[PDB]
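Right, one structure below, let's go through it.
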Amino acid sequence: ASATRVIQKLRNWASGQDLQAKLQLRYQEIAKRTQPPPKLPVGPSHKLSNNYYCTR
Amino acid sequence: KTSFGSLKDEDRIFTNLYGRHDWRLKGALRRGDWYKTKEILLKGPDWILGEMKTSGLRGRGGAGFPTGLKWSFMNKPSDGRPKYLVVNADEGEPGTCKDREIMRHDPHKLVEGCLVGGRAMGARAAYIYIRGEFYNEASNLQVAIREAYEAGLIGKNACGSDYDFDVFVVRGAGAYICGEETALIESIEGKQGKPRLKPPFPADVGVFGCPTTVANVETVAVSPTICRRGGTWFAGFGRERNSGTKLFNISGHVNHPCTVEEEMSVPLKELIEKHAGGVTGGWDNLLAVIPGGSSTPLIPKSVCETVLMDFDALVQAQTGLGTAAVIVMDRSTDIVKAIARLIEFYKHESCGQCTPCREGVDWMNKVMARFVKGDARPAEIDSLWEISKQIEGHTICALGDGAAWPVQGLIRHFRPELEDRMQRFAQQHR
Ligand SMILES: Cc1cc2nc3c(=O)[nH]c(=O)nc-3n(C[C@H](O)[C@H](O)[C@H](O)COP(=O)(O)O)c2cc1C
Ligand code: SF4
């Protein structure tokens, strides 16, 4: 990402394709390493009623 | 007759219910007792059992089983073992006072019924298992039994017949579960009051391993008057298959809570407005009624308007006729708290033998306390319904059913009240 305009032009012409749009080094668009805590949902059969095991 | 009720005083089978008329033997003979009892005993067991069958008298314990058939379970010849009649004078159900009233006000009817039922079954002794808290009632019963022995009505010549009979009184020590049939048998035998499984039935293995028949005090007390006055008369009272008279206790929010003898199939509204003086605030102020003692569920005002007082009528109304103990709750009460107090009673009086009744009624007590506070969720209502359905029918004795049924009645009728309490609690704690 930290490349000069002349070097970017040379890279794009030599590759034949635009490289700054899809460069393979990750800089800032990735997720933050520290995430907010999750709250995972409970699935079915957590119903506390009409939930006998012989029926499922 | 289509309508029932307004029983005649000359047809009241329990004269001296109110403590007048000299409860001792002289007053009992004046009111009519021990009359033609020798003729009854010489008439014999088959005639007495046929009299019971034609009368159609049912258990008055709350069980509802046909008395004539139940007593004719033991018409077999001798085995080698004696046979026993056992009387249930425990009366531990909330709302019930009738057994106490008849034991302290007309005990010679109970003694004569012990003799007649013991002859009908073929037996040598009747053990009256009285409740331990009824010390004065037990002492009055012992006074009556001593008077009967002095008069020669019991012991080595039963009223001049060649029949030998003994009447014993054994006191409990404070257990509602000892009002159960087999638990009472165990309590007499000297163990804990834990009911035993069936089979063997008490007619095969009862107290001391002998063939016994356990019967309610009201049942054996109406027994000799049924034998004396026919039985077509007793069947003439009440509707078909729910016949005779019945001691209704009426308690709770009524103007005059009282015990009154009334004909079967009487309307609930007629019974309350005629004998209890009406609901406090009026029939419009009436909210709910428990028609049986505590094992039966609720019925609201809407179905209390037209319901009768039969076993079959209350079964149709999704209730039962237990001890005929009408507990009345008006609109100015906490119905959830009343049901939770009943579940507290069943938790305290569970004998602890079965895992279903033991653990489930403790669980019901905790869930109902949280219902009263309001910190539950509406899914827990159906959870408690399924807990009740797991308890009911899966236990040794019927205390589990009698604890499950009030919960089922509360969920069935007053479910918006529970939901309203839960949403009020949630909105006031957020
Ligand atoms: C927990 C429990 C408590 C009971 N308490 C009594 C009681 O106090 N008095 C009573 O007569 N029957 C009581 N019963 C019902 C007896 O099973 C019944 O009365 C007994 O079989 C006598 O039969 P009867 O009604 O035909 O006379 C109780 C039953 C249960 C399950
Ligand atoms: S249901 Fe309860 S009271 Fe009845 S035998 Fe079982 S544990 Fe005892």
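Throughout, chain B uses Swiss-Prot numbering, with the displayed residues spanning 29-458 in order.
Determined via electron microscopy, 3.0 Å.
Even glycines carry a Cβ here, placed using N, Cα and C.
In Swiss-Prot, the entry for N6-acetyllysine among B:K36, B:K81, B:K137 corresponds to B:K81.
Swiss-Prot marks one residue of B:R88, B:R257, B:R386 as omega-N-methylarginine, namely B:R257. Record check of B:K66, B:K375, B:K401 in Swiss-Prot: the feature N6-acetyllysine is attached to B:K375. For the residues B:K104, B:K222, the entry in Swiss-Prot flags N6-acetyllysine at a single position: B:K104.
By the rule that a residue counts when its Cβ sits under 6 Å from some atom of ligand 1, the recorded positions B:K81, B:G87, B:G89, B:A91, B:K375, B:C425 yield B:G87, B:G89, B:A91, B:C425.
Checked against ligand 2, the binding-site residues B:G89, B:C385, B:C425 give B:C385, B:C425 as the ones with a Cβ under 6 Å from it, listed in sequence order.
For the recorded [4Fe-4S] cluster site, residues B:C379, B:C382, B:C385, B:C425 set the reference point as the centre of their Cβ atoms, and the other residues of that chain within 8 Å of it by Cβ are B:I205, B:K222, B:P223, B:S378, B:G380, B:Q381, B:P384, B:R386, B:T423, B:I424, B:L427, B:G428. Secondary structure at B:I213 (FMN binding site), taken from DSSP and collapsed to helix, strand or coil, is helix. Note on the binding-site residues B:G87, B:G89, B:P227, B:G234: the fewest other CB atoms within 10 A surround the CB of B:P227. DSSP assigns B:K81 (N6-acetyllysine) to a helix in the three-state reduction.
Cβ-based neighbour count (10 Å, all protein chains) for B:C382 ([4Fe-4S] cluster binding site) stands at 20. Of B:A91, B:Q220, B:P227, all annotated as binding-site residues, the residue with the shortest Cα distance to B:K375 (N6-acetyllysine) is B:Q220.
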